[PDB]
Amino acid sequence: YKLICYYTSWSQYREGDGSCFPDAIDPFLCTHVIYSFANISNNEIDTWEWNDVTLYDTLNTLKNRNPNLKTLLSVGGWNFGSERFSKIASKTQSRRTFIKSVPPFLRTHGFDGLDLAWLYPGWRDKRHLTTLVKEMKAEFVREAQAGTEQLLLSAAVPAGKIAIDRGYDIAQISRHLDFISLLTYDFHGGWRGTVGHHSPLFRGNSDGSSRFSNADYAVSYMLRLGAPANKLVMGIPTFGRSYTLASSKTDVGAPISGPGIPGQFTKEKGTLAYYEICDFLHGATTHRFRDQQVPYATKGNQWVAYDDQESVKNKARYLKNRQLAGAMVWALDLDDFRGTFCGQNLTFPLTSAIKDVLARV
Ligand SMILES: *[C@@H]1O[C@H](CO)[C@@H](O[C@@H]2O[C@H](CO)[C@@H](O[C@H]3O[C@H](CO)[C@@H](O)[C@H](O)[C@H]3NC(C)=O)[C@H](O)[C@H]2NC(C)=O)[C@H](O)[C@H]1NC(C)=O
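Described in the following lines is the structure provided in the data block.

What counts, and at which threshold
Residues numbered from 1 in each chain as written, not as in the entry; some residues may be left out. Heavy atoms only, no water. Disulfide = S-S within 2.5 Å. Helix = DSSP H or I, 4+ residues; strand = E, 2+ residues; numbered from the N terminus. Buried < 20%, exposed > 50% of the residue type's maximum accessible area, 1.4 Å probe, protein only. Near = heavy atom within 4 Å. Polar contact = N/O pair within 3.5 Å; in protein donor to acceptor, adjacent residues only side chain to side chain. Areas by Shrake-Rupley, 256 points an atom, 1.4 Å probe, with all protein chains shown as cover. Nonpolar A, V, L, I, M, F, W, Y, C, P; charged D, E, K, R; others polar. 1 Å grid on protein atoms, 1.4 Å probe; cavity = no way out; pocket = protein on both sides within 12 Å on 5 of 7 lines; lining within 4 Å. Points joined across faces, edges and corners; volume = space filled by probe spheres on them. Domains from an automatic or database assignment.

On inspection of all chains with the given rule, the structure shows two disulfides. With a sulfur-sulfur separation of 2.0 Å, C5 is cross-linked through a disulfide to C30. On the sign convention where negative is left-handed, the bridge of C5 and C30, at about -95° about the S-S bond, is left-handed. Pair noted here: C5 is in strand 1 (residues 2-8) and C30 is in the loop between strand 1 and strand 2 (32-41), with a separation of 25 residues, a long-range link. In this pair, the class of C5 matches that of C30, namely buried. The side chain of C278 participates in a disulfide bridge whose partner is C342; the two sulfur atoms lie 2.0 Å from each other. Linking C278 and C342, the disulfide has an S-S dihedral of approximately 90° and is accordingly described as right-handed. Here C278, found in helix 8 (residues 274-280), pairs with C342, found in the loop between strand 15 (326-330) and helix 10 (349-360); they are 64 residues apart in sequence, far enough to count as distant. Using a relative accessible area of 9% as the deciding quantity, one classes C278 as buried. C342 sits in the buried class, given a relative accessible area of 11%. Each disulfide in the chain links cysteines that, numbered along the sequence, combine into the pattern 1-2, 3-4. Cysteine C20 shares no disulfide, and the gap to the nearest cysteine sulfur, in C30, comes to 11 Å.

Here it is in structure tokens:
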């Protein structure tokens, strides 16, 4: 089984224990670690953070301890204008220059592959995404003639039904990618004046309008569209989403006035790292959706939807039963990487729980 784990560049700037450097990553925890977000300048892949070149080095040294560990660099991301990706891929001239620049860059900094994080191509881009993947892979195949291990090519893909149909020719890109990570954790969040869970595993017989907004449906849909199970990786979040209650109602369908208050360390409205949630739980009321099989907690006027060891192991058992390639974890830096916030002095409690299930099966 594969255990793909993302590490984010900006997590280094979090104050106190919140600060996370590649240095803190256990070399034997994940099978693949992806450094989150390279930029594109002059139509060539390039660094993002001022000290990325150093961090790349720190991350890749982990391979000295675990020679089997693979690392990839992800291009794109949320702060990267999709319109920018669109303009690059749409023009053969720009596209070819970008593709040409990747292998040398990856080789120079010690990466074993590239992860495409074009966050949301429109319907006009679907065709160009396919071309980008095909041509990028053809270049990786050609570069391997030089005697080195062929570069890996992966892509992060949203799990939303509409998003998939609109910009992804799954049947086509699946044959060129080494693995596809399904972002099965963005099924809810703010845009609606109601409370809800962003990463439910199952539909939950309750509501009906959105029988497509759960992990099980997304996985089944990808399998139907042509993505081979041995190339599909299910995304499991290590963070939680927070909301500010508009009333004293906390049950399903409770009104919302907006995202929750920022966390002490992550300082981003609407999200909390798992280590922040562990602190939040003290004095909070915990609940769990039996149908969706995911928990949520409330305190004062704050409502949090998250994943714990149990929900995470459950999702791991699920992808195993569906014979998928493995699991993907968004943000090792959002898990209790120090292991000093969530009681048990266990570092990476969420990621380790996933590894445990995958290790059994
Ligand atoms: C990722 O790469 C992009 C593209 O190289 C980079 O953004 C670009 O940065 C340029 C220089 O900072 C911007 O040009 C600036 O300078 C020119 C001439 O001096 C001005 O005419 C522009 O108005 C000015 N730009 C701005 C926004 O003020 C260029 O416009 C900008 N383009 C884009 C699409 O962003 C970006 O900084 C880099 N990301 C990081 C984190 O370094």
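On we go.
Glancing now at the site of the ligand. Surrounding the ligand, one finds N39, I40, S41, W48 and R84. Between the ligand and the protein, one listed contact pairs an oxygen atom with a side-chain N or O atom of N39 at 2.4 Å. Side-chain polar atom of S41 to an oxygen atom of the ligand: 2.7 Å apart, as the coordinates give it. Against a free-state accessible area of 790 Å², the protein chains account for coverage of 24% of the ligand. No other element matches the three residues that strand 2 contributes to the shell around the ligand. Its residues assigned to classes, the shell around the ligand shows two nonpolar, two polar and one charged.

Now for the layout of surface pockets. Taken as a whole, the largest pocket spans an internal volume of roughly 1100 Å³. Lining the largest pocket are 36 residues, and of these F187, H188, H197, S210 and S213 sit closest to its centre. Broken down by class, the residue content of the lining of the largest pocket amounts to 13 nonpolar, 15 polar and eight charged. When residues are assigned to domains, the lining of the largest pocket turns out to be shared by domain 1 (1-238 + 307-361) and domain 2 (239-306), each giving three or more. Of the volumes computed, that of the second largest pocket is approximately 740 Å³. Around the second largest pocket, the lining is made up of 34 residues, and of these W78, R241, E268, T271 and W330 lie nearest the centre. The biggest single contributor to the lining of the second largest pocket is strand 9 (residues 239-245), with four residues.

So yeah, pure geometry; function would need other evidence.
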